[PDB]
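Text of structure-v5.txt, listed as compact mmCIF, N, CA and C atoms:
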# COMPACT_ATOMS: atom_id res chain seq x y z
N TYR C 39 0.82 -1.25 0.00
CA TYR C 39 0.00 0.00 0.00
C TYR C 39 0.84 1.28 0.00
N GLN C 40 2.09 1.24 0.46
CA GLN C 40 2.96 2.41 0.31
C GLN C 40 3.13 2.75 -1.17
N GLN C 41 3.34 1.71 -1.97
CA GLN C 41 3.52 1.88 -3.41
C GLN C 41 2.27 2.49 -4.05
N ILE C 42 1.10 1.93 -3.77
CA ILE C 42 -0.14 2.44 -4.35
C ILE C 42 -0.43 3.86 -3.87
N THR C 43 -0.20 4.10 -2.59
CA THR C 43 -0.37 5.44 -2.04
C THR C 43 0.50 6.46 -2.78
N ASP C 44 1.72 6.07 -3.11
CA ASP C 44 2.63 6.94 -3.86
C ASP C 44 2.09 7.23 -5.27
N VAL C 45 1.45 6.26 -5.90
CA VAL C 45 0.81 6.47 -7.20
C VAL C 45 -0.32 7.49 -7.08
N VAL C 46 -1.17 7.33 -6.08
CA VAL C 46 -2.28 8.24 -5.85
C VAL C 46 -1.78 9.67 -5.62
N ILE C 47 -0.76 9.79 -4.78
CA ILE C 47 -0.21 11.10 -4.51
C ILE C 47 0.43 11.73 -5.75
N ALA C 48 1.19 10.94 -6.50
CA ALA C 48 1.80 11.47 -7.72
C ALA C 48 0.73 11.94 -8.70
N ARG C 49 -0.37 11.21 -8.82
CA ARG C 49 -1.47 11.65 -9.70
C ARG C 49 -2.03 12.99 -9.25
N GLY C 50 -2.29 13.14 -7.95
CA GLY C 50 -2.73 14.43 -7.45
C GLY C 50 -1.76 15.56 -7.73
N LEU C 51 -0.49 15.33 -7.37
CA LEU C 51 0.54 16.34 -7.56
C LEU C 51 0.74 16.75 -9.03
N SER C 52 0.50 15.83 -9.96
CA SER C 52 0.61 16.16 -11.38
C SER C 52 -0.39 17.22 -11.83
N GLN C 53 -1.42 17.48 -11.05
CA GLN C 53 -2.47 18.45 -11.38
C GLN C 53 -2.27 19.81 -10.72
N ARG C 54 -1.14 20.03 -10.05
CA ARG C 54 -0.88 21.32 -9.45
C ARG C 54 -0.99 22.43 -10.49
N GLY C 55 -1.66 23.51 -10.12
CA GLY C 55 -1.87 24.66 -10.98
C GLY C 55 -3.12 24.59 -11.83
N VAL C 56 -3.79 23.44 -11.92
CA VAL C 56 -5.05 23.37 -12.65
C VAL C 56 -6.08 24.22 -11.93
N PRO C 57 -6.84 25.06 -12.66
CA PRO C 57 -7.81 25.93 -11.97
C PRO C 57 -8.96 25.21 -11.30
N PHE C 58 -9.49 25.87 -10.27
CA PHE C 58 -10.80 25.51 -9.76
C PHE C 58 -11.86 25.64 -10.85
N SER C 59 -12.78 24.68 -10.88
CA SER C 59 -13.96 24.78 -11.72
C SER C 59 -15.09 24.08 -10.98
N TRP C 60 -16.19 24.81 -10.77
CA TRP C 60 -17.35 24.26 -10.07
C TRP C 60 -17.81 22.99 -10.73
N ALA C 61 -17.91 21.89 -9.97
CA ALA C 61 -18.34 20.59 -10.48
C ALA C 61 -17.41 20.04 -11.57
N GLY C 62 -16.17 20.52 -11.60
CA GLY C 62 -15.23 20.12 -12.64
C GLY C 62 -14.41 18.88 -12.28
N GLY C 63 -14.08 18.13 -13.32
CA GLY C 63 -13.08 17.08 -13.20
C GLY C 63 -13.62 15.80 -12.61
N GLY C 64 -12.78 14.78 -12.63
CA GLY C 64 -13.14 13.47 -12.14
C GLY C 64 -12.13 12.47 -12.60
N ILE C 65 -12.55 11.24 -12.80
CA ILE C 65 -11.50 10.26 -13.12
C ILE C 65 -10.88 10.45 -14.51
N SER C 66 -11.45 11.24 -15.41
CA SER C 66 -10.74 11.55 -16.65
C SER C 66 -9.69 12.65 -16.53
N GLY C 67 -9.59 13.24 -15.36
CA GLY C 67 -8.75 14.40 -15.20
C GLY C 67 -9.64 15.63 -15.07
N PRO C 68 -9.06 16.80 -15.28
CA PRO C 68 -9.85 18.03 -15.22
C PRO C 68 -10.83 18.07 -16.39
N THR C 69 -11.97 18.70 -16.19
CA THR C 69 -12.96 18.86 -17.24
C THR C 69 -13.65 20.20 -17.10
N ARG C 70 -14.38 20.60 -18.12
CA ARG C 70 -15.30 21.70 -18.00
C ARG C 70 -16.19 21.43 -16.82
N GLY C 71 -16.50 22.47 -16.07
CA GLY C 71 -17.44 22.40 -14.98
C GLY C 71 -18.83 22.81 -15.41
N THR C 72 -19.65 23.15 -14.42
CA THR C 72 -20.99 23.67 -14.63
C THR C 72 -21.17 24.95 -13.83
N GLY C 73 -22.30 25.64 -13.96
CA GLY C 73 -22.41 26.94 -13.29
C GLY C 73 -21.27 27.83 -13.73
N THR C 74 -20.63 28.52 -12.77
CA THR C 74 -19.55 29.43 -13.13
C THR C 74 -18.34 28.70 -13.74
N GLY C 75 -18.28 27.38 -13.58
CA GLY C 75 -17.21 26.57 -14.19
C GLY C 75 -17.50 26.10 -15.61
N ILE C 76 -18.60 26.55 -16.21
CA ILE C 76 -19.07 26.04 -17.52
C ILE C 76 -18.05 26.21 -18.63
N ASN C 77 -17.19 27.22 -18.55
CA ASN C 77 -16.16 27.40 -19.56
C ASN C 77 -14.74 27.24 -19.03
N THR C 78 -14.60 26.59 -17.87
CA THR C 78 -13.29 26.43 -17.27
C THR C 78 -12.97 24.96 -17.14
N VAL C 79 -11.85 24.53 -17.73
CA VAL C 79 -11.37 23.17 -17.57
C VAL C 79 -10.60 23.09 -16.25
N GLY C 80 -11.11 22.33 -15.29
CA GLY C 80 -10.48 22.28 -14.01
C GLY C 80 -11.07 21.22 -13.10
N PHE C 81 -10.86 21.45 -11.79
CA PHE C 81 -11.33 20.53 -10.73
C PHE C 81 -12.06 21.29 -9.64
N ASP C 82 -13.03 20.61 -9.03
CA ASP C 82 -13.39 20.94 -7.66
C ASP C 82 -12.70 19.93 -6.72
N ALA C 83 -12.86 20.11 -5.41
CA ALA C 83 -12.12 19.29 -4.45
C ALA C 83 -12.42 17.80 -4.65
N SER C 84 -13.70 17.48 -4.80
CA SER C 84 -14.15 16.10 -5.01
C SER C 84 -13.57 15.49 -6.28
N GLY C 85 -13.59 16.27 -7.34
CA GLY C 85 -13.09 15.82 -8.62
C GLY C 85 -11.61 15.47 -8.54
N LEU C 86 -10.83 16.30 -7.85
CA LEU C 86 -9.40 16.04 -7.72
C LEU C 86 -9.17 14.74 -6.96
N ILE C 87 -9.87 14.55 -5.85
CA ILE C 87 -9.71 13.33 -5.05
C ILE C 87 -10.11 12.10 -5.84
N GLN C 88 -11.20 12.19 -6.59
CA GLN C 88 -11.60 11.05 -7.46
C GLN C 88 -10.51 10.73 -8.47
N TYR C 89 -9.96 11.76 -9.10
CA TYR C 89 -8.90 11.54 -10.07
C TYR C 89 -7.71 10.83 -9.42
N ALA C 90 -7.27 11.34 -8.28
CA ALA C 90 -6.10 10.78 -7.62
C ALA C 90 -6.33 9.31 -7.27
N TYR C 91 -7.44 9.03 -6.60
CA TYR C 91 -7.69 7.67 -6.09
C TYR C 91 -8.06 6.67 -7.18
N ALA C 92 -8.43 7.11 -8.39
CA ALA C 92 -8.58 6.18 -9.51
C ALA C 92 -7.24 5.49 -9.78
N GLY C 93 -6.12 6.08 -9.38
CA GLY C 93 -4.81 5.41 -9.50
C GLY C 93 -4.68 4.12 -8.72
N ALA C 94 -5.51 3.96 -7.70
CA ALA C 94 -5.60 2.76 -6.88
C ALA C 94 -6.71 1.81 -7.35
N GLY C 95 -7.32 2.12 -8.49
CA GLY C 95 -8.41 1.31 -9.02
C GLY C 95 -9.72 1.53 -8.29
N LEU C 96 -9.82 2.64 -7.56
CA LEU C 96 -10.97 2.93 -6.71
C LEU C 96 -11.81 4.03 -7.32
N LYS C 97 -13.11 3.91 -7.17
CA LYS C 97 -14.04 4.90 -7.63
C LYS C 97 -14.81 5.48 -6.46
N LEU C 98 -14.33 6.60 -5.93
CA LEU C 98 -14.94 7.19 -4.74
C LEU C 98 -16.25 7.89 -5.06
N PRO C 99 -17.16 7.97 -4.08
CA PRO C 99 -18.37 8.76 -4.32
C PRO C 99 -18.01 10.23 -4.47
N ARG C 100 -18.87 11.00 -5.12
CA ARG C 100 -18.53 12.39 -5.42
C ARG C 100 -18.61 13.32 -4.21
N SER C 101 -19.67 13.27 -3.45
CA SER C 101 -19.75 14.29 -2.43
C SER C 101 -18.79 14.02 -1.26
N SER C 102 -18.17 15.09 -0.75
CA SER C 102 -17.27 14.93 0.38
C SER C 102 -17.99 14.30 1.58
N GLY C 103 -19.24 14.68 1.80
CA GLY C 103 -19.99 14.11 2.91
C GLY C 103 -20.18 12.61 2.77
N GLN C 104 -20.35 12.14 1.54
CA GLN C 104 -20.53 10.70 1.34
C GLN C 104 -19.18 9.96 1.50
N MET C 105 -18.11 10.53 0.97
CA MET C 105 -16.78 9.98 1.21
C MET C 105 -16.51 9.84 2.71
N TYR C 106 -16.86 10.86 3.47
CA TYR C 106 -16.65 10.83 4.92
C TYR C 106 -17.50 9.76 5.63
N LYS C 107 -18.80 9.76 5.34
CA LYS C 107 -19.75 8.84 5.96
C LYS C 107 -19.27 7.41 5.89
N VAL C 108 -18.81 7.01 4.71
CA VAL C 108 -18.49 5.58 4.49
C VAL C 108 -17.06 5.20 4.84
N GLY C 109 -16.17 6.18 4.99
CA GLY C 109 -14.74 5.91 5.13
C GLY C 109 -14.32 5.45 6.52
N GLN C 110 -13.23 4.67 6.58
CA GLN C 110 -12.56 4.27 7.85
C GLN C 110 -12.02 5.51 8.52
N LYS C 111 -12.47 5.76 9.74
CA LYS C 111 -12.10 6.97 10.47
C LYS C 111 -10.78 6.82 11.18
N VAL C 112 -9.95 7.84 11.08
CA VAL C 112 -8.59 7.89 11.62
C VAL C 112 -8.45 9.19 12.44
N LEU C 113 -7.99 9.10 13.68
CA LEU C 113 -7.68 10.29 14.47
C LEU C 113 -6.46 11.00 13.92
N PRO C 114 -6.40 12.33 14.04
CA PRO C 114 -5.25 13.07 13.49
C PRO C 114 -3.87 12.58 13.95
N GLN C 115 -3.76 12.14 15.20
CA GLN C 115 -2.47 11.66 15.69
C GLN C 115 -2.00 10.36 15.06
N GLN C 116 -2.89 9.72 14.30
CA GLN C 116 -2.65 8.46 13.62
C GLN C 116 -2.62 8.65 12.09
N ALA C 117 -2.63 9.90 11.62
CA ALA C 117 -2.70 10.21 10.17
C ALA C 117 -1.49 9.67 9.43
N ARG C 118 -1.73 9.30 8.17
CA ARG C 118 -0.70 8.83 7.25
C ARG C 118 -0.91 9.49 5.90
N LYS C 119 0.17 9.71 5.17
CA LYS C 119 0.02 10.21 3.83
C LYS C 119 -0.95 9.33 3.04
N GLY C 120 -1.79 9.98 2.24
CA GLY C 120 -2.86 9.34 1.49
C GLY C 120 -4.21 9.40 2.18
N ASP C 121 -4.23 9.64 3.49
CA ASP C 121 -5.51 9.79 4.17
C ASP C 121 -6.20 11.06 3.64
N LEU C 122 -7.51 11.08 3.74
CA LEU C 122 -8.32 12.24 3.34
C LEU C 122 -8.67 13.10 4.55
N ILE C 123 -8.48 14.40 4.38
CA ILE C 123 -8.84 15.43 5.35
C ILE C 123 -10.16 16.05 4.89
N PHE C 124 -11.04 16.33 5.83
CA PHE C 124 -12.33 16.94 5.53
C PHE C 124 -12.53 18.23 6.29
N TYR C 125 -13.41 19.05 5.73
CA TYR C 125 -13.92 20.25 6.37
C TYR C 125 -15.43 20.17 6.46
N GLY C 126 -15.97 20.80 7.50
CA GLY C 126 -17.40 20.88 7.74
C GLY C 126 -17.94 19.79 8.63
N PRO C 127 -19.18 19.96 9.10
CA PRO C 127 -19.80 18.92 9.90
C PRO C 127 -19.99 17.66 9.06
N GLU C 128 -19.51 16.55 9.58
CA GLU C 128 -19.56 15.27 8.89
C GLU C 128 -18.93 15.37 7.49
N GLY C 129 -17.94 16.24 7.37
CA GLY C 129 -17.17 16.34 6.13
C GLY C 129 -17.89 16.92 4.95
N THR C 130 -18.97 17.67 5.20
CA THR C 130 -19.85 18.12 4.15
C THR C 130 -19.41 19.38 3.40
N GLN C 131 -18.35 20.06 3.85
CA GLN C 131 -17.86 21.28 3.15
C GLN C 131 -16.85 20.97 2.06
N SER C 132 -15.79 20.23 2.36
CA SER C 132 -14.73 19.97 1.39
C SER C 132 -13.88 18.78 1.82
N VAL C 133 -12.96 18.40 0.93
CA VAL C 133 -12.02 17.30 1.12
C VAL C 133 -10.67 17.69 0.55
N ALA C 134 -9.60 17.16 1.14
CA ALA C 134 -8.24 17.38 0.69
C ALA C 134 -7.45 16.10 0.90
N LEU C 135 -6.32 15.97 0.22
CA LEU C 135 -5.49 14.77 0.30
C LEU C 135 -4.29 15.05 1.21
N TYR C 136 -4.16 14.30 2.31
CA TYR C 136 -3.01 14.48 3.20
C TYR C 136 -1.75 13.92 2.55
N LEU C 137 -0.68 14.71 2.59
CA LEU C 137 0.59 14.34 1.96
C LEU C 137 1.65 13.91 2.95
N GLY C 138 1.32 13.95 4.24
CA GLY C 138 2.30 13.77 5.29
C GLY C 138 3.00 15.07 5.62
N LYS C 139 3.72 15.07 6.75
CA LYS C 139 4.54 16.22 7.17
C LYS C 139 3.76 17.55 7.23
N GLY C 140 2.48 17.45 7.60
CA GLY C 140 1.68 18.64 7.84
C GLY C 140 1.21 19.36 6.58
N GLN C 141 1.27 18.70 5.42
CA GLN C 141 0.92 19.28 4.13
C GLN C 141 -0.27 18.53 3.53
N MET C 142 -1.09 19.28 2.77
CA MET C 142 -2.20 18.69 2.06
C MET C 142 -2.26 19.20 0.64
N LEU C 143 -2.86 18.42 -0.24
CA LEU C 143 -3.18 18.82 -1.61
C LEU C 143 -4.67 19.18 -1.62
N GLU C 144 -4.95 20.42 -1.99
CA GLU C 144 -6.29 20.96 -2.00
C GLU C 144 -6.58 21.68 -3.29
N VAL C 145 -7.83 22.08 -3.47
CA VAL C 145 -8.19 23.00 -4.54
C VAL C 145 -8.56 24.33 -3.91
N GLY C 146 -7.70 25.32 -4.12
CA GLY C 146 -7.99 26.72 -3.81
C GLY C 146 -8.46 27.39 -5.08
N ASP C 147 -7.83 28.50 -5.46
CA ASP C 147 -8.08 29.03 -6.80
C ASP C 147 -7.52 28.09 -7.89
N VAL C 148 -6.49 27.33 -7.52
CA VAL C 148 -5.89 26.26 -8.31
C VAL C 148 -5.61 25.07 -7.39
N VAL C 149 -5.36 23.91 -7.99
CA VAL C 149 -4.86 22.77 -7.26
C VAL C 149 -3.48 23.12 -6.70
N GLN C 150 -3.28 22.91 -5.40
CA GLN C 150 -2.07 23.39 -4.74
C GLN C 150 -1.77 22.65 -3.46
N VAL C 151 -0.49 22.60 -3.09
CA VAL C 151 -0.06 22.08 -1.81
C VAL C 151 -0.08 23.24 -0.81
N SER C 152 -0.62 22.98 0.37
CA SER C 152 -0.75 23.99 1.44
C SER C 152 -0.57 23.31 2.79
N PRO C 153 -0.12 24.02 3.82
CA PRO C 153 -0.12 23.42 5.15
C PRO C 153 -1.55 23.06 5.57
N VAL C 154 -1.70 21.96 6.29
CA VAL C 154 -2.99 21.59 6.82
C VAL C 154 -3.52 22.71 7.73
N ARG C 155 -4.81 23.03 7.61
CA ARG C 155 -5.46 24.03 8.45
C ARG C 155 -6.46 23.30 9.35
N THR C 156 -6.43 23.55 10.65
CA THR C 156 -7.40 22.87 11.50
C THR C 156 -8.70 23.67 11.63
N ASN C 157 -8.73 24.93 11.18
CA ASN C 157 -9.98 25.70 11.21
C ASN C 157 -11.05 25.05 10.35
N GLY C 158 -12.13 24.60 11.00
CA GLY C 158 -13.24 23.97 10.32
C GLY C 158 -13.00 22.51 9.98
N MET C 159 -11.85 21.95 10.35
CA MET C 159 -11.51 20.58 10.00
C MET C 159 -12.40 19.61 10.74
N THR C 160 -12.87 18.60 10.04
CA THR C 160 -13.67 17.55 10.60
C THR C 160 -12.77 16.71 11.54
N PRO C 161 -13.29 16.19 12.66
CA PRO C 161 -12.42 15.57 13.68
C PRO C 161 -11.66 14.30 13.30
N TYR C 162 -12.11 13.61 12.26
CA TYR C 162 -11.45 12.41 11.77
C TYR C 162 -11.01 12.62 10.34
N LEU C 163 -9.88 12.00 9.97
CA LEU C 163 -9.50 11.76 8.59
C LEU C 163 -10.13 10.44 8.15
N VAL C 164 -10.06 10.16 6.85
CA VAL C 164 -10.50 8.87 6.33
C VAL C 164 -9.33 8.16 5.69
N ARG C 165 -9.17 6.89 6.02
CA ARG C 165 -8.21 6.03 5.36
C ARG C 165 -8.92 5.19 4.31
N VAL C 166 -8.53 5.36 3.07
CA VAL C 166 -9.17 4.73 1.95
C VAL C 166 -8.59 3.34 1.69
N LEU C 167 -7.27 3.23 1.76
CA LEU C 167 -6.61 1.97 1.41
C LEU C 167 -6.47 1.04 2.60
N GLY C 168 -6.71 -0.25 2.35
CA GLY C 168 -6.60 -1.28 3.36
C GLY C 168 -7.91 -1.48 4.09
N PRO C 178 -6.51 -5.67 14.21
CA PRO C 178 -7.53 -4.63 14.15
C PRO C 178 -6.95 -3.29 13.72
N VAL C 179 -7.81 -2.40 13.22
CA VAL C 179 -7.40 -1.02 13.03
C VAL C 179 -7.53 -0.30 14.37
N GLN C 180 -6.98 0.90 14.42
CA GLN C 180 -7.07 1.74 15.59
C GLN C 180 -8.51 2.13 15.92
N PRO C 181 -8.89 2.04 17.21
CA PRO C 181 -10.21 2.53 17.64
C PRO C 181 -10.49 3.97 17.20
N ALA C 182 -11.75 4.25 16.88
CA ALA C 182 -12.19 5.63 16.64
C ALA C 182 -12.28 6.40 17.97
Go ahead and express the file in the form of structure tokens.
Amino acid sequence: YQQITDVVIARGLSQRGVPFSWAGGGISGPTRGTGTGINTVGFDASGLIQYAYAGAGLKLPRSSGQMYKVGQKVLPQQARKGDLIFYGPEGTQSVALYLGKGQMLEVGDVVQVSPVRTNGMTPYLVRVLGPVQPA
């Protein structure tokens, strides 16, 4: 799983600088969005995560809240690169890819690496790949 996790991360990192686009992107890569993204080839947060994790042969649900609901919950002190970070109650605002060492891959105005922010962060990360640690 270290190897597969590295593939997922490399896929995410390859999209650095791609613009935000509302409802944009998915497992084909960045795409035209809808609404204000209708003429912008890019990603929203969900789209980027779907693209990255397709490298592991996985097809994640689109909404961040659904990704959170179904995912294996991990406490922050147990985080590993490749885990998903969420924002909002029950992860309903956004999602980002944890890179390790206090860094995450997110979609701001563009896809970008940023330090993890705990403001608004959902209390658990999700581990997608793979007893496990108690919640």
Restricting to only C-alpha atoms, whichever of C:146, C:178, C:103, C:161 is closest to residue 59 of chain C is C:146
Non-local contacts of residue 73 of chain C (8 Å; all atoms listed in the file; under 5 positions in same chain excluded) as an MDAnalysis selection string
chainID C and resid 59:61 78
Which of segment 102-178 of chain C counts as strand (DSSP E) under DSSP, as a PDB file with N, CA and C atoms, keeping the file's coordinate frame please?
ATOM      1  N   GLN C 110     -13.230   4.670   6.580  1.00  0.00           N
ATOM      2  CA  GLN C 110     -12.560   4.270   7.850  1.00  0.00           C
ATOM      3  C   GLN C 110     -12.020   5.510   8.520  1.00  0.00           C
ATOM      4  N   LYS C 111     -12.470   5.760   9.740  1.00  0.00           N
ATOM      5  CA  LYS C 111     -12.100   6.970  10.470  1.00  0.00           C
ATOM      6  C   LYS C 111     -10.780   6.820  11.180  1.00  0.00           C
ATOM      7  N   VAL C 112      -9.950   7.840  11.080  1.00  0.00           N
ATOM      8  CA  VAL C 112      -8.590   7.890  11.620  1.00  0.00           C
ATOM      9  C   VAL C 112      -8.450   9.190  12.440  1.00  0.00           C
ATOM     10  N   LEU C 122      -7.510  11.080   3.740  1.00  0.00           N
ATOM     11  CA  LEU C 122      -8.320  12.240   3.340  1.00  0.00           C
ATOM     12  C   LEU C 122      -8.670  13.100   4.550  1.00  0.00           C
ATOM     13  N   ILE C 123      -8.480  14.400   4.380  1.00  0.00           N
ATOM     14  CA  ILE C 123      -8.840  15.430   5.350  1.00  0.00           C
ATOM     15  C   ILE C 123     -10.160  16.050   4.890  1.00  0.00           C
ATOM     16  N   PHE C 124     -11.040  16.330   5.830  1.00  0.00           N
ATOM     17  CA  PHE C 124     -12.330  16.940   5.530  1.00  0.00           C
ATOM     18  C   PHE C 124     -12.530  18.230   6.290  1.00  0.00           C
ATOM     19  N   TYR C 125     -13.410  19.050   5.730  1.00  0.00           N
ATOM     20  CA  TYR C 125     -13.920  20.250   6.370  1.00  0.00           C
ATOM     21  C   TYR C 125     -15.430  20.170   6.460  1.00  0.00           C
ATOM     22  N   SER C 132     -15.790  20.230   2.360  1.00  0.00           N
ATOM     23  CA  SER C 132     -14.730  19.970   1.390  1.00  0.00           C
ATOM     24  C   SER C 132     -13.880  18.780   1.820  1.00  0.00           C
ATOM     25  N   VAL C 133     -12.960  18.400   0.930  1.00  0.00           N
ATOM     26  CA  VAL C 133     -12.020  17.300   1.120  1.00  0.00           C
ATOM     27  C   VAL C 133     -10.670  17.690   0.550  1.00  0.00           C
ATOM     28  N   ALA C 134      -9.600  17.160   1.140  1.00  0.00           N
ATOM     29  CA  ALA C 134      -8.240  17.380   0.690  1.00  0.00           C
ATOM     30  C   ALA C 134      -7.450  16.100   0.900  1.00  0.00           C
ATOM     31  N   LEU C 135      -6.320  15.970   0.220  1.00  0.00           N
ATOM     32  CA  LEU C 135      -5.490  14.770   0.300  1.00  0.00           C
ATOM     33  C   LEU C 135      -4.290  15.050   1.210  1.00  0.00           C
ATOM     34  N   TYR C 136      -4.160  14.300   2.310  1.00  0.00           N
ATOM     35  CA  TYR C 136      -3.010  14.480   3.200  1.00  0.00           C
ATOM     36  C   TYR C 136      -1.750  13.920   2.550  1.00  0.00           C
ATOM     37  N   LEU C 137      -0.680  14.710   2.590  1.00  0.00           N
ATOM     38  CA  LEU C 137       0.590  14.340   1.960  1.00  0.00           C
ATOM     39  C   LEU C 137       1.650  13.910   2.950  1.00  0.00           C
ATOM     40  N   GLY C 138       1.320  13.950   4.240  1.00  0.00           N
ATOM     41  CA  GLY C 138       2.300  13.770   5.290  1.00  0.00           C
ATOM     42  C   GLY C 138       3.000  15.070   5.620  1.00  0.00           C
ATOM     43  N   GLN C 141       1.270  18.700   5.420  1.00  0.00           N
ATOM     44  CA  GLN C 141       0.920  19.280   4.130  1.00  0.00           C
ATOM     45  C   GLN C 141      -0.270  18.530   3.530  1.00  0.00           C
ATOM     46  N   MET C 142      -1.090  19.280   2.770  1.00  0.00           N
ATOM     47  CA  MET C 142      -2.200  18.690   2.060  1.00  0.00           C
ATOM     48  C   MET C 142      -2.260  19.200   0.640  1.00  0.00           C
ATOM     49  N   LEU C 143      -2.860  18.420  -0.240  1.00  0.00           N
ATOM     50  CA  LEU C 143      -3.180  18.820  -1.610  1.00  0.00           C
ATOM     51  C   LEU C 143      -4.670  19.180  -1.620  1.00  0.00           C
ATOM     52  N   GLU C 144      -4.950  20.420  -1.990  1.00  0.00           N
ATOM     53  CA  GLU C 144      -6.290  20.960  -2.000  1.00  0.00           C
ATOM     54  C   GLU C 144      -6.580  21.680  -3.290  1.00  0.00           C
ATOM     55  N   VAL C 145      -7.830  22.080  -3.470  1.00  0.00           N
ATOM     56  CA  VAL C 145      -8.190  23.000  -4.540  1.00  0.00           C
ATOM     57  C   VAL C 145      -8.560  24.330  -3.910  1.00  0.00           C
ATOM     58  N   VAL C 149      -5.360  23.910  -7.990  1.00  0.00           N
ATOM     59  CA  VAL C 149      -4.860  22.770  -7.260  1.00  0.00           C
ATOM     60  C   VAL C 149      -3.480  23.120  -6.700  1.00  0.00           C
ATOM     61  N   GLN C 150      -3.280  22.910  -5.400  1.00  0.00           N
ATOM     62  CA  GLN C 150      -2.070  23.390  -4.740  1.00  0.00           C
ATOM     63  C   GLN C 150      -1.770  22.650  -3.460  1.00  0.00           C
ATOM     64  N   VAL C 151      -0.490  22.600  -3.090  1.00  0.00           N
ATOM     65  CA  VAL C 151      -0.060  22.080  -1.810  1.00  0.00           C
ATOM     66  C   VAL C 151      -0.080  23.240  -0.810  1.00  0.00           C
ATOM     67  N   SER C 152      -0.620  22.980   0.370  1.00  0.00           N
ATOM     68  CA  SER C 152      -0.750  23.990   1.440  1.00  0.00           C
ATOM     69  C   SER C 152      -0.570  23.310   2.790  1.00  0.00           C
ATOM     70  N   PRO C 153      -0.120  24.020   3.820  1.00  0.00           N
ATOM     71  CA  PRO C 153      -0.120  23.420   5.150  1.00  0.00           C
ATOM     72  C   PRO C 153      -1.550  23.060   5.570  1.00  0.00           C
ATOM     73  N   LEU C 163      -9.880  12.000   9.970  1.00  0.00           N
ATOM     74  CA  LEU C 163      -9.500  11.760   8.590  1.00  0.00           C
ATOM     75  C   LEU C 163     -10.130  10.440   8.150  1.00  0.00           C
ATOM     76  N   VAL C 164     -10.060  10.160   6.850  1.00  0.00           N
ATOM     77  CA  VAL C 164     -10.500   8.870   6.330  1.00  0.00           C
ATOM     78  C   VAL C 164      -9.330   8.160   5.690  1.00  0.00           C
ATOM     79  N   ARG C 165      -9.170   6.890   6.020  1.00  0.00           N
ATOM     80  CA  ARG C 165      -8.210   6.030   5.360  1.00  0.00           C
ATOM     81  C   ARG C 165      -8.920   5.190   4.310  1.00  0.00           C
TER      82      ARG C 165
END
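Minimum distance to residue 49 of chain C across C:69, C:149, C:140, C:118 (counting only C-alpha atoms) occurs at C:149.
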If you count only C-alpha atoms, which residues fall within 7 Å of segment 94-97 of chain C, apart from same-chain ones fewer than 2 positions away, as a short mmCIF file (atom, residue, chain, number, x, y, z; two decimals) with N, CA and C atoms, keeping the file's coordinate frame?
data_model
loop_
_atom_site.label_atom_id
_atom_site.label_comp_id
_atom_site.auth_asym_id
_atom_site.auth_seq_id
_atom_site.Cartn_x
_atom_site.Cartn_y
_atom_site.Cartn_z
N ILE C 42 1.10 1.93 -3.77
CA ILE C 42 -0.14 2.44 -4.35
C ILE C 42 -0.43 3.86 -3.87
N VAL C 46 -1.17 7.33 -6.08
CA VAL C 46 -2.28 8.24 -5.85
C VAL C 46 -1.78 9.67 -5.62
N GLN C 88 -11.20 12.19 -6.59
CA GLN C 88 -11.60 11.05 -7.46
C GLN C 88 -10.51 10.73 -8.47
N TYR C 91 -7.44 9.03 -6.60
CA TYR C 91 -7.69 7.67 -6.09
C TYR C 91 -8.06 6.67 -7.18
N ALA C 92 -8.43 7.11 -8.39
CA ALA C 92 -8.58 6.18 -9.51
C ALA C 92 -7.24 5.49 -9.78
N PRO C 99 -17.16 7.97 -4.08
CA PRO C 99 -18.37 8.76 -4.32
C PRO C 99 -18.01 10.23 -4.47
#
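Note that atom CA of residue 70 of chain C and atom N of residue 44 of chain C are 27.5 Å apart.
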